[PDB]
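Below is one structure, written out as structure tokens; comments come after it.
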Amino acid sequence: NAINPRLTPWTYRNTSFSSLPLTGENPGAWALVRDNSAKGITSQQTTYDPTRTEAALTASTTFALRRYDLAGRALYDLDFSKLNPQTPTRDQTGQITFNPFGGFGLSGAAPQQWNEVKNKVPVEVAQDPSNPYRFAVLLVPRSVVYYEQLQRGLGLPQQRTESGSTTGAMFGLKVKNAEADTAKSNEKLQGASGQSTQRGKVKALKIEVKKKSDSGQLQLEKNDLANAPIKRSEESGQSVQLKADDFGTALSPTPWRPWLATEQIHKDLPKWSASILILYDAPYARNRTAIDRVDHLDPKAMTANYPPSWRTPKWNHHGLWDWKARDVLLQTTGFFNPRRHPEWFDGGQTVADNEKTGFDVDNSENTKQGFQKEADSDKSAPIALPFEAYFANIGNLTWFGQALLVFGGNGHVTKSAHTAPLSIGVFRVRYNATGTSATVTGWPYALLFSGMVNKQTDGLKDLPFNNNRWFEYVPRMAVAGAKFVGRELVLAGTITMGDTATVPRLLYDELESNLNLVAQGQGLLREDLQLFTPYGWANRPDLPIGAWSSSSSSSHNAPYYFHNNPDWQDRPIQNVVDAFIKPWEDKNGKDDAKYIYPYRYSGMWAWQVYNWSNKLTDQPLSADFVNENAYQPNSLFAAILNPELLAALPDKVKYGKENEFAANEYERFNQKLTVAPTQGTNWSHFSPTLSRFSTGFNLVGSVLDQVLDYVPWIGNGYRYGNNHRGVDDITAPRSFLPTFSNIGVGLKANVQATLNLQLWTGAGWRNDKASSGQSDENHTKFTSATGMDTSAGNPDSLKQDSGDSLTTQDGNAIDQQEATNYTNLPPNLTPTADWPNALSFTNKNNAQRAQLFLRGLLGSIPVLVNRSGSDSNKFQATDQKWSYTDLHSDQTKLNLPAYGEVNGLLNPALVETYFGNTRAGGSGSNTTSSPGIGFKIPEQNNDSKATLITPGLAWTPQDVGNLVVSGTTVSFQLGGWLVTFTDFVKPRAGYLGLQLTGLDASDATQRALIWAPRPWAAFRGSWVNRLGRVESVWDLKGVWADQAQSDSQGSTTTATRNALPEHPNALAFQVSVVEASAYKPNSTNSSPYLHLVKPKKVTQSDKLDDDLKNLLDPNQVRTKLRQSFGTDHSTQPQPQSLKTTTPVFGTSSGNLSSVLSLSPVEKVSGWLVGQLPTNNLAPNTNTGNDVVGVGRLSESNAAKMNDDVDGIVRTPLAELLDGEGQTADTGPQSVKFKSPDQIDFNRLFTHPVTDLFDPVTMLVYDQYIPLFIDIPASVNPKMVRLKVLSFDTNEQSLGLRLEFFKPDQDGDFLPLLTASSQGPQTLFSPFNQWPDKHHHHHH
């Protein structure tokens, strides 16, 4: 009873693995099989004990590995729970005892630690490339397979309000402006005090850190970085503070905790770890099976190699000033705080606060703070590897030599709607030469990717991938796989970049006016995208609390610390630098002091990110700033890795003292960014692992914006560009303004201005009209921008400092004759701003673009709205204008928020892609079919109470399929897009670098999948077909079942209960409030975007209306959009599965050479505009495909199938959906081995065995082939060969395999399965016989 007919194929979600096709010497397939009708783990709810759950699962579920032959016929099952395996014997050289007929030599004994690991279930197989009969089998506990049935979600912090006390906070956000501590007024930093009013030796801020030369050691005498004249505020006696208690007590609000702690898995490795067993397999042999050993992937093998700083992730190398500055601003402290990342903490949310950092943060003496501690009580929670994060890292086996590598999976195995468990590193099982012993290790990706520099990529530069000696950047992946492309090892999937969203730091008294940024910094709002709320930012985020106040008790502490405004910045001319920087510059390394220059700094999004994010440079381990780490994967990622180094690297990482944070504040002050790896360490030996990397396209940022506009939004098929004709559109002096491009938007201005370049302003222009009344200036005068016409242009009341300047002069022998500020400023500082000539005024940036691209494919880019689309609060097409004639006269008709939206895009353009208010409001057939959702500029004295929302698609950045290879390209399914890296392994000049094939929303079946509440639950894997096209299969039974049951039928739970649904893209967004007066302009400048948009401080009364807060439940938006598509004329019986195939792309597809042969951004724009061809769904005409390489599936490439799919069995000759269908042919059936008695005795058995075959080729000589086999005259003898499997000169036996030819023209030679009743092989004997008396001829 070899085949258990109760078991059928299945697909492991973490890797998309169902079967492994086997070619070569031991062909056919291995397939995952299980009892697909078992319920698994079996709304009031209950808590499931792991031990009991696993035991219940062992008794109620059945799993096996099913062996298939080359034709696709099932041979036998290996159910490890019922198998009685034996270890194979070896010979004197340590090689496995093996004969192709007898099989493996068996020892009579089961493997060591067998009966404790036998109940684990197989979820992957990888064939040893150096032994076709050897396989690595990955086994996991049954509980891991059914983990999603436990419904262990992550919850919100308990709120003492609701909105939608006071402050208008939603979803438990703690927000209150910080206040001046009157008892710590002396702790204000002091300058160097008279004449010159705009600056402060002569005028810098002094910071001193000095130790006692008297009375471990040190204990400190003075620590100016401990100073805090500003503190958190009180609410009902107690001070407003982040507490792990906010999530409830562990045993209604329950904190999220891992199902099993790291130590619980470690202490019961046979029961709870993932294990690699070594299996021997030979389906045509007598002893067909043997199991050598089992090796456990102990999570502690990985944690033992974690950088030492990971024991203390609430701390960073900036130490006390940074802990204090973040804590006072109601942010999380350190580089990997448990409030943002509870998945990697054994305590989960029970340790989610800024307390117990492993360093003194609250001593009664300031000079005792910043000290590293021992004890057992106040010791930190370390980055660990608990149940969910550990099993996220289990999958994708890759062999290289004697090393078996485990890269991890996409994290779907243990994911929850609001958690993001991912792969933190790579495990390795390194076997010795004979396979009698092995060693197990894990190394984090932080350590493996530690040599990253800009020149390693052909795509986006300056991306937040840089690191430092402290390993503050923690890259984590949703892994597609690790595949060999020729000899090159390619690792790909999605990755978490360093945090950029919370790099700008708000002024201590600006928190209550900027709730979204506070929420992102707090760990509440799990949004990695940069949001556009700059008015309240501090001019720079790297100043200590001592620099925030001033003994002069004026509006903040300008020029040092003030409201960020690039219009107020000092120009770096020789005299400005000489006066304010140079008298302090060469003193920062003397008598224990550091200085904050009286130089006025400021800049927009690209500038904040350039200076204080972990941007890649040309030098590795050079990130002086690693703000934090992303909540979720937020970039496409592919890396070429050195496999020889992976195979050879040591098991135990030896870190140095250079990797540890300083033991006190004195040593930290006198720290050096780059420090030499110390003697006896090996951590630096891991930096050469990664040789090259990709983030998708091979384009510069501003060119990628053009391509992003060409991409359709998978939700309805409309492009982010809204079919904008670029330079040939009517948005400059069928179509709408684009989301990402500035080309043909606003005016093309001849620039130089600040410090010829023909550049487009984009939407949100603020150009001065000029003293003529006709031609609009190519800039904004500093006069127009900074005037008091409380004031957004100058809230801190700064003043202007040979034609004389504007008084308040300084030192030197020149004293001034030129103003410190610039006179001509760029005419755009809104989110669409892209100034290559001015980093200080640019908002678009590569760190954002890499995210916008990934989110653009998933369809989850947030959109800012203030109209719910309900009858009364509807957005109408009459509310929106786009033509340059309409916009030059009145730019508020554009509905550009320039506050609250996603940075680096045009929000009303995005509103239009999603909701189509303009296009739907332009036809009789439907008429107001649009959901009526949008953002309208507030009128009169009315306020706009806006929120970011997602359109309701449920695709996540962990929706990553298996990695497939085709020529020199690699592909994987990312959400509803099949992504192919055409220019990574072998990059070609002038090629875009990616191919994109998406699901088609115009087809009802594909639309049902695109809009499914669990769309990734449908994925059944990709594979490359014989023609090199990528095929993907989708199961639709779950789509139809989920569509048949609506939980949110008329739900208003988000609006009334201040809670989020279990939708994967439900985010804790906050209200963004702007008064109509902010959109009123000012002297020849009538632009509503002249000043930075000044928001309103949020109070209880500034809450969203219920119908708008209800759109924060993404199913409510989804309901509105599906009503708009609304069509059910179904001919039935409804497709149950779908097979998609990538189209054939031409030789010139993606090639820009013909347009790159007008700036490059302008040429790319025109090329894309030339590739452009009412309704709520865009029709698929197929124009948007070939030439570009970006498009939606044609009808012919999307095959609807009548039955559902759980697993797929593939051999080199057959593809069997659920292991069923037509079985392939290995030959003609008429070609077969002769029976011994039918052989011409004198012509064949008379020879000794060694005469009959070439020992070099191991083939029977052509002259002897017809004597062994029956071959009809119609069949060519060259197509048949006899491979020698065995020979024995003692017994004169000869073991042969009959092989038949296929395509190259003499796969190639394949085993002829129908050769004999038993298969393709047979033993012939005895040879070396004395002659008989002629073979009879009767026929």
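Every chain in the structure tokens takes a letter, A first, then B, and so on in the order presented; its residues are numbered from 1, and the ligands are numbered from 1 following the presented order.
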Give me the residues of segment 568-632 of chain A that have any atom at most 6 Å from an atom of segment 478-499 of chain A; for each, the nearest atom pair and the distance in Å, rounded to one decimal. Use only C-alpha atoms, sort by chain and number, and format it as JSON lines.
{"residue": "A:627", "atom": "CA", "partner": "A:499", "partner_atom": "CA", "distance": 5.9}
{"residue": "A:628", "atom": "CA", "partner": "A:499", "partner_atom": "CA", "distance": 4.9}
{"residue": "A:629", "atom": "CA", "partner": "A:498", "partner_atom": "CA", "distance": 4.6}
{"residue": "A:630", "atom": "CA", "partner": "A:499", "partner_atom": "CA", "distance": 5.1}
Print the selection's residues with N, CA and C atoms to a file, as a short mmCIF file (atom, residue, chain, number, x, y, z; two decimals), in the first residue's frame.
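selection_24.cif written:
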data_model
loop_
_atom_site.label_atom_id
_atom_site.label_comp_id
_atom_site.auth_asym_id
_atom_site.auth_seq_id
_atom_site.Cartn_x
_atom_site.Cartn_y
_atom_site.Cartn_z
N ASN A 627 18.19 55.89 10.95
CA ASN A 627 17.07 56.37 11.74
C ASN A 627 16.30 55.25 12.45
N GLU A 628 15.95 54.22 11.69
CA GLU A 628 15.23 53.06 12.14
C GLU A 628 15.14 52.07 10.97
N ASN A 629 14.24 51.09 11.08
CA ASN A 629 14.06 50.05 10.10
C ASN A 629 12.61 49.97 9.66
N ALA A 630 12.37 49.65 8.39
CA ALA A 630 11.01 49.60 7.84
C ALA A 630 10.07 48.61 8.54
#
>> According to DSSP computed on the backbone, where in segment 499-733 of chain A is there strand (DSSP E)? Give the residues as JSON, numbers by chain.
In response: {"A": [593, 594, 595, 596, 635, 636, 637, 638, 639, 640, 641, 690, 691, 692, 693, 694]}
Write the selection just made, keeping N, CA, C and O atoms, as a PDB file, in the first residue's frame?
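What ended up in selection_31.pdb:
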ATOM      1  N   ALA A 593      35.020  69.328  23.590  1.00  0.00           N
ATOM      2  CA  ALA A 593      33.884  70.123  23.126  1.00  0.00           C
ATOM      3  C   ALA A 593      33.493  69.921  21.656  1.00  0.00           C
ATOM      4  O   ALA A 593      34.329  69.567  20.821  1.00  0.00           O
ATOM      5  N   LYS A 594      32.196  70.139  21.368  1.00  0.00           N
ATOM      6  CA  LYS A 594      31.557  70.112  20.053  1.00  0.00           C
ATOM      7  C   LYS A 594      30.641  71.331  19.934  1.00  0.00           C
ATOM      8  O   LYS A 594      30.120  71.809  20.949  1.00  0.00           O
ATOM      9  N   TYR A 595      30.486  71.860  18.707  1.00  0.00           N
ATOM     10  CA  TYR A 595      29.752  73.095  18.483  1.00  0.00           C
ATOM     11  C   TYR A 595      28.662  73.034  17.431  1.00  0.00           C
ATOM     12  O   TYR A 595      28.843  72.435  16.375  1.00  0.00           O
ATOM     13  N   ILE A 596      27.551  73.740  17.702  1.00  0.00           N
ATOM     14  CA  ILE A 596      26.424  73.875  16.778  1.00  0.00           C
ATOM     15  C   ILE A 596      26.555  75.271  16.164  1.00  0.00           C
ATOM     16  O   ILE A 596      26.343  76.255  16.856  1.00  0.00           O
ATOM     17  N   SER A 635      10.852  47.576  -0.892  1.00  0.00           N
ATOM     18  CA  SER A 635      11.557  47.647  -2.147  1.00  0.00           C
ATOM     19  C   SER A 635      11.682  46.241  -2.741  1.00  0.00           C
ATOM     20  O   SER A 635      11.883  45.260  -2.028  1.00  0.00           O
ATOM     21  N   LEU A 636      11.628  46.178  -4.064  1.00  0.00           N
ATOM     22  CA  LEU A 636      11.955  45.013  -4.858  1.00  0.00           C
ATOM     23  C   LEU A 636      13.465  44.851  -4.654  1.00  0.00           C
ATOM     24  O   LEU A 636      14.184  45.851  -4.519  1.00  0.00           O
ATOM     25  N   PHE A 637      13.941  43.606  -4.571  1.00  0.00           N
ATOM     26  CA  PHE A 637      15.357  43.350  -4.328  1.00  0.00           C
ATOM     27  C   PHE A 637      15.860  42.075  -4.989  1.00  0.00           C
ATOM     28  O   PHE A 637      15.200  41.027  -4.928  1.00  0.00           O
ATOM     29  N   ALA A 638      17.036  42.176  -5.639  1.00  0.00           N
ATOM     30  CA  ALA A 638      17.731  41.013  -6.176  1.00  0.00           C
ATOM     31  C   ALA A 638      19.229  41.226  -5.883  1.00  0.00           C
ATOM     32  O   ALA A 638      19.739  42.344  -5.995  1.00  0.00           O
ATOM     33  N   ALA A 639      19.928  40.158  -5.486  1.00  0.00           N
ATOM     34  CA  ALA A 639      21.346  40.254  -5.182  1.00  0.00           C
ATOM     35  C   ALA A 639      22.092  39.074  -5.779  1.00  0.00           C
ATOM     36  O   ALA A 639      21.600  37.956  -5.734  1.00  0.00           O
ATOM     37  N   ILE A 640      23.273  39.343  -6.350  1.00  0.00           N
ATOM     38  CA  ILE A 640      24.195  38.315  -6.802  1.00  0.00           C
ATOM     39  C   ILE A 640      25.124  38.081  -5.598  1.00  0.00           C
ATOM     40  O   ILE A 640      25.704  39.028  -5.070  1.00  0.00           O
ATOM     41  N   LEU A 641      25.171  36.841  -5.122  1.00  0.00           N
ATOM     42  CA  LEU A 641      25.961  36.423  -3.965  1.00  0.00           C
ATOM     43  C   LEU A 641      27.098  35.469  -4.382  1.00  0.00           C
ATOM     44  O   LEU A 641      26.957  34.750  -5.368  1.00  0.00           O
ATOM     45  N   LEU A 690      27.925  39.750  -0.971  1.00  0.00           N
ATOM     46  CA  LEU A 690      27.089  40.322  -2.020  1.00  0.00           C
ATOM     47  C   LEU A 690      27.998  41.066  -2.978  1.00  0.00           C
ATOM     48  O   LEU A 690      28.818  41.884  -2.544  1.00  0.00           O
ATOM     49  N   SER A 691      27.893  40.757  -4.281  1.00  0.00           N
ATOM     50  CA  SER A 691      28.746  41.444  -5.264  1.00  0.00           C
ATOM     51  C   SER A 691      28.008  42.547  -6.009  1.00  0.00           C
ATOM     52  O   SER A 691      28.606  43.567  -6.301  1.00  0.00           O
ATOM     53  N   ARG A 692      26.712  42.343  -6.312  1.00  0.00           N
ATOM     54  CA  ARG A 692      25.857  43.288  -7.040  1.00  0.00           C
ATOM     55  C   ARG A 692      24.412  43.149  -6.561  1.00  0.00           C
ATOM     56  O   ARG A 692      24.025  42.100  -6.061  1.00  0.00           O
ATOM     57  N   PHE A 693      23.616  44.220  -6.711  1.00  0.00           N
ATOM     58  CA  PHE A 693      22.217  44.211  -6.312  1.00  0.00           C
ATOM     59  C   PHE A 693      21.354  44.990  -7.305  1.00  0.00           C
ATOM     60  O   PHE A 693      21.877  45.731  -8.119  1.00  0.00           O
ATOM     61  N   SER A 694      20.049  44.766  -7.274  1.00  0.00           N
ATOM     62  CA  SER A 694      19.062  45.426  -8.125  1.00  0.00           C
ATOM     63  C   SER A 694      17.831  45.805  -7.276  1.00  0.00           C
ATOM     64  O   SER A 694      17.536  45.124  -6.302  1.00  0.00           O
TER      65      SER A 694
END
Might you pull out every residue within 9 Å of segment 830-845 of chain A, with only C-alpha atoms counted and same-chain residues fewer than 4 positions away left off, and present them as a tab-separated table (two decimals) with N, CA, C and O atoms, in the first residue's frame?
chain	number	residue	atom	x	y	z
A	532	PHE	N	3.71	63.83	3.59
A	532	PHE	CA	3.99	65.23	3.39
A	532	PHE	C	3.34	66.19	4.41
A	532	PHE	O	2.27	66.76	4.15
A	566	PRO	N	13.27	76.02	3.57
A	566	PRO	CA	14.42	76.21	2.67
A	566	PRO	C	14.60	77.65	2.18
A	566	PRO	O	15.70	78.03	1.80
A	567	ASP	N	13.53	78.46	2.22
A	567	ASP	CA	13.53	79.87	1.82
A	567	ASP	C	14.37	80.74	2.78
A	567	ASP	O	14.89	81.79	2.36
A	569	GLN	N	17.18	79.49	4.49
A	569	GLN	CA	18.55	78.97	4.54
A	569	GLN	C	19.63	80.00	4.13
A	569	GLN	O	19.37	80.92	3.33
A	602	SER	N	18.26	74.16	6.53
A	602	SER	CA	16.88	73.81	6.17
A	602	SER	C	16.83	73.18	4.78
A	602	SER	O	17.69	73.44	3.94
A	603	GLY	N	15.81	72.36	4.57
A	603	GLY	CA	15.61	71.65	3.32
A	603	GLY	C	14.41	70.73	3.35
A	603	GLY	O	13.97	70.29	4.43
A	604	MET	N	13.92	70.39	2.16
A	604	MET	CA	12.73	69.57	2.01
A	604	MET	C	13.04	68.05	2.10
A	604	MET	O	14.08	67.67	2.67
A	605	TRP	N	12.12	67.19	1.66
A	605	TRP	CA	12.24	65.75	1.87
A	605	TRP	C	13.55	65.12	1.38
A	605	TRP	O	14.19	64.43	2.17
A	606	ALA	N	13.96	65.40	0.13
A	606	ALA	CA	15.20	64.83	-0.45
A	606	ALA	C	16.45	65.23	0.33
A	606	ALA	O	17.39	64.44	0.41
A	607	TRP	N	16.44	66.42	0.92
A	607	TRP	CA	17.54	66.98	1.71
A	607	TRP	C	17.66	66.33	3.11
A	607	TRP	O	18.78	65.99	3.53
A	608	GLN	N	16.52	66.17	3.82
A	608	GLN	CA	16.42	65.51	5.14
A	608	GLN	C	16.94	64.06	5.01
A	608	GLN	O	17.77	63.60	5.81
A	609	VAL	N	16.47	63.36	3.98
A	609	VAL	CA	16.84	61.97	3.66
A	609	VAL	C	18.33	61.89	3.28
A	609	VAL	O	19.04	61.02	3.78
A	610	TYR	N	18.82	62.83	2.44
A	610	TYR	CA	20.22	62.84	2.02
A	610	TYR	C	21.16	62.94	3.22
A	610	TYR	O	22.14	62.21	3.30
A	701	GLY	N	16.22	58.11	-10.92
A	701	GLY	CA	14.97	58.48	-10.25
A	701	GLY	C	13.93	59.19	-11.09
A	701	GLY	O	12.80	58.71	-11.20
A	702	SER	N	14.32	60.31	-11.71
A	702	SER	CA	13.40	61.14	-12.50
A	702	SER	C	12.90	60.46	-13.77
A	702	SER	O	11.81	60.78	-14.24
A	739	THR	N	0.24	61.25	-11.92
A	739	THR	CA	0.57	61.08	-10.50
A	739	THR	C	2.02	61.42	-10.20
A	739	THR	O	2.28	62.14	-9.24
A	740	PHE	N	2.97	60.90	-11.02
A	740	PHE	CA	4.40	61.01	-10.73
A	740	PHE	C	5.23	61.94	-11.60
A	740	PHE	O	6.30	62.34	-11.14
A	741	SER	N	4.82	62.26	-12.84
A	741	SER	CA	5.61	63.14	-13.71
A	741	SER	C	5.30	64.62	-13.58
A	741	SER	O	4.14	64.99	-13.37
A	742	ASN	N	6.33	65.47	-13.76
A	742	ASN	CA	6.24	66.93	-13.78
A	742	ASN	C	6.27	67.43	-15.23
A	742	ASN	O	5.93	68.59	-15.45
A	751	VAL	N	16.09	77.74	-15.59
A	751	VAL	CA	16.59	77.87	-14.22
A	751	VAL	C	18.11	78.08	-14.10
A	751	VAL	O	18.89	77.76	-15.00
A	752	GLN	N	18.48	78.62	-12.93
A	752	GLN	CA	19.80	78.94	-12.38
A	752	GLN	C	19.51	79.38	-10.93
A	752	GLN	O	20.02	78.78	-9.98
A	754	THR	N	18.77	80.09	-7.37
A	754	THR	CA	19.44	79.91	-6.08
A	754	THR	C	20.98	79.76	-6.28
A	754	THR	O	21.68	80.77	-6.16
A	755	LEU	N	21.50	78.56	-6.61
A	755	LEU	CA	22.92	78.27	-6.88
A	755	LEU	C	23.09	76.86	-7.44
A	755	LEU	O	22.13	76.25	-7.91
A	757	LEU	N	19.67	74.89	-17.94
A	757	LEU	CA	18.76	73.82	-17.51
A	757	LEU	C	17.30	74.21	-17.73
A	757	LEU	O	16.79	75.14	-17.09
A	759	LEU	N	13.81	73.14	-17.04
A	759	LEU	CA	13.06	72.27	-16.13
A	759	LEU	C	11.61	72.66	-15.94
A	759	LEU	O	11.30	73.85	-15.87
A	760	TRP	N	10.74	71.64	-15.78
A	760	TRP	CA	9.30	71.79	-15.51
A	760	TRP	C	9.07	71.98	-14.01
A	760	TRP	O	9.69	71.27	-13.21
A	761	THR	N	8.20	72.92	-13.62
A	761	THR	CA	7.91	73.13	-12.19
A	761	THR	C	7.13	71.97	-11.59
A	761	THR	O	7.42	71.55	-10.48
A	762	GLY	N	6.16	71.47	-12.36
A	762	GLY	CA	5.19	70.47	-11.92
A	762	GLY	C	4.02	71.21	-11.26
A	762	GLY	O	4.03	72.45	-11.21
A	763	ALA	N	3.03	70.49	-10.76
A	763	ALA	CA	1.87	71.11	-10.09
A	763	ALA	C	2.29	71.69	-8.72
A	763	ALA	O	3.18	71.14	-8.07
A	764	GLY	N	1.66	72.79	-8.31
A	764	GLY	CA	1.98	73.44	-7.05
A	764	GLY	C	2.99	74.55	-7.22
A	764	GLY	O	3.69	74.92	-6.27
A	765	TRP	N	3.06	75.11	-8.44
A	765	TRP	CA	3.96	76.20	-8.79
A	765	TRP	C	3.68	77.45	-7.98
A	765	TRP	O	2.52	77.71	-7.63
A	825	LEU	N	14.50	81.93	-5.29
A	825	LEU	CA	14.28	80.58	-4.80
A	825	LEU	C	13.47	79.71	-5.78
A	825	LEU	O	12.61	80.25	-6.47
A	826	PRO	N	13.71	78.37	-5.84
A	826	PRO	CA	12.91	77.51	-6.74
A	826	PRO	C	11.38	77.69	-6.61
A	826	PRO	O	10.85	77.83	-5.50
A	849	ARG	N	10.85	56.73	-4.12
A	849	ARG	CA	10.54	56.09	-5.40
A	849	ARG	C	10.58	54.56	-5.37
A	849	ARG	O	9.69	53.93	-5.94
A	850	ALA	N	11.60	53.95	-4.71
A	850	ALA	CA	11.72	52.49	-4.61
A	850	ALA	C	10.48	51.92	-3.93
A	850	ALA	O	9.99	50.88	-4.36
A	896	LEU	N	-4.72	70.27	-4.90
A	896	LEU	CA	-3.44	69.83	-4.39
A	896	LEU	C	-3.41	70.07	-2.86
A	896	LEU	O	-3.43	71.22	-2.43
A	897	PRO	N	-3.35	69.04	-1.99
A	897	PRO	CA	-3.34	69.34	-0.54
A	897	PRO	C	-2.07	70.06	-0.08
A	897	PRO	O	-2.16	71.07	0.61
A	898	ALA	N	-0.89	69.56	-0.50
A	898	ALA	CA	0.45	69.99	-0.09
A	898	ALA	C	0.53	69.92	1.47
A	898	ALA	O	1.22	70.70	2.11
A	899	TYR	N	-0.20	68.95	2.07
A	899	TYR	CA	-0.27	68.64	3.50
A	899	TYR	C	-1.12	67.40	3.74
A	899	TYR	O	-2.32	67.42	3.49
A	901	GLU	N	-0.79	64.30	2.31
A	901	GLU	CA	-0.66	63.24	1.29
A	901	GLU	C	0.69	62.51	1.34
A	901	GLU	O	1.59	62.87	2.11
A	902	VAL	N	0.84	61.49	0.49
A	902	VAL	CA	2.08	60.71	0.34
A	902	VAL	C	3.07	61.63	-0.35
A	902	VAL	O	2.69	62.34	-1.29
A	903	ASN	N	4.31	61.69	0.16
A	903	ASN	CA	5.30	62.55	-0.50
A	903	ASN	C	5.70	61.98	-1.89
A	903	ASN	O	5.64	60.75	-2.11
A	904	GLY	N	6.09	62.88	-2.80
A	904	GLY	CA	6.58	62.51	-4.13
A	904	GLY	C	5.56	62.18	-5.20
A	904	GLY	O	5.90	61.58	-6.22
A	905	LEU	N	4.30	62.58	-5.00
A	905	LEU	CA	3.25	62.35	-6.00
A	905	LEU	C	2.24	63.49	-5.98
A	905	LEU	O	2.26	64.29	-5.03
A	906	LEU	N	1.34	63.53	-6.99
A	906	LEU	CA	0.25	64.50	-7.10
A	906	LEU	C	-1.06	63.81	-6.67
A	906	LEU	O	-1.58	62.99	-7.43
A	1089	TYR	N	0.27	77.96	-3.01
A	1089	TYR	CA	1.41	77.10	-2.67
A	1089	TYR	C	2.70	77.92	-2.48
A	1089	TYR	O	3.79	77.35	-2.44
A	1092	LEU	N	4.70	77.14	2.75
A	1092	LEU	CA	4.48	75.79	3.25
A	1092	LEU	C	3.10	75.85	3.92
A	1092	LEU	O	2.80	76.84	4.62
A	1093	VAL	N	2.27	74.83	3.68
A	1093	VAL	CA	0.90	74.73	4.20
A	1093	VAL	C	0.95	74.53	5.73
A	1093	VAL	O	1.42	73.50	6.21
List the spatial neighbours of residue 17 of chain A as a JSON list (two decimals) with N, CA, C and O atoms, in the first residue's frame - criterion: any atom at most 8 Å away, only C-alpha atoms, same-chain residues fewer than 2 positions off excluded.
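Okay, this is what ended up in out33.json:
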[["chain", "number", "residue", "atom", "x", "y", "z"],
["A", 11, "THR", "N", 0.42, 23.07, -1.68],
["A", 11, "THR", "CA", 1.42, 24.11, -1.89],
["A", 11, "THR", "C", 1.74, 24.79, -0.56],
["A", 11, "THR", "O", 0.82, 25.23, 0.13],
["A", 12, "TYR", "N", 3.02, 24.80, -0.17],
["A", 12, "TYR", "CA", 3.46, 25.47, 1.06],
["A", 12, "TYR", "C", 3.52, 26.97, 0.76],
["A", 12, "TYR", "O", 4.27, 27.39, -0.12],
["A", 13, "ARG", "N", 2.67, 27.76, 1.43],
["A", 13, "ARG", "CA", 2.55, 29.19, 1.18],
["A", 13, "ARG", "C", 3.85, 29.98, 1.35],
["A", 13, "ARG", "O", 4.06, 30.92, 0.60],
["A", 15, "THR", "N", 6.86, 29.47, 0.48],
["A", 15, "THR", "CA", 7.77, 29.36, -0.66],
["A", 15, "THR", "C", 7.07, 29.12, -2.00],
["A", 15, "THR", "O", 7.75, 29.14, -3.04],
["A", 19, "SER", "N", 6.00, 20.95, -5.87],
["A", 19, "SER", "CA", 6.77, 19.82, -6.39],
["A", 19, "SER", "C", 8.12, 20.23, -6.94],
["A", 19, "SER", "O", 8.33, 21.38, -7.29],
["A", 20, "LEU", "N", 9.04, 19.27, -6.97],
["A", 20, "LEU", "CA", 10.36, 19.47, -7.50],
["A", 20, "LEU", "C", 10.53, 18.57, -8.75],
["A", 20, "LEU", "O", 10.66, 17.36, -8.60],
["A", 123, "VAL", "N", 7.95, 19.89, 3.67],
["A", 123, "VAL", "CA", 7.44, 21.11, 3.05],
["A", 123, "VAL", "C", 8.32, 21.57, 1.87],
["A", 123, "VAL", "O", 7.96, 22.54, 1.17],
["A", 124, "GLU", "N", 9.45, 20.88, 1.65],
["A", 124, "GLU", "CA", 10.39, 21.16, 0.57],
["A", 124, "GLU", "C", 11.39, 20.03, 0.42],
["A", 124, "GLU", "O", 11.69, 19.30, 1.39],
["A", 962, "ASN", "N", 7.62, 32.04, -5.95],
["A", 962, "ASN", "CA", 8.91, 31.36, -6.12],
["A", 962, "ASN", "C", 9.73, 31.97, -7.29],
["A", 962, "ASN", "O", 9.16, 32.47, -8.27],
["A", 1021, "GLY", "N", 2.08, 29.00, -7.58],
["A", 1021, "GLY", "CA", 3.41, 28.89, -8.15],
["A", 1021, "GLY", "C", 3.58, 29.30, -9.60],
["A", 1021, "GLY", "O", 2.62, 29.33, -10.37]]
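Near residue 460 of chain A, within 8 Å and counting only C-alpha atoms, sit residues 457, 463, 695, 698, 699, 700, 701, 846 and 850 of chain A; same-chain residues fewer than 3 positions away were not included.
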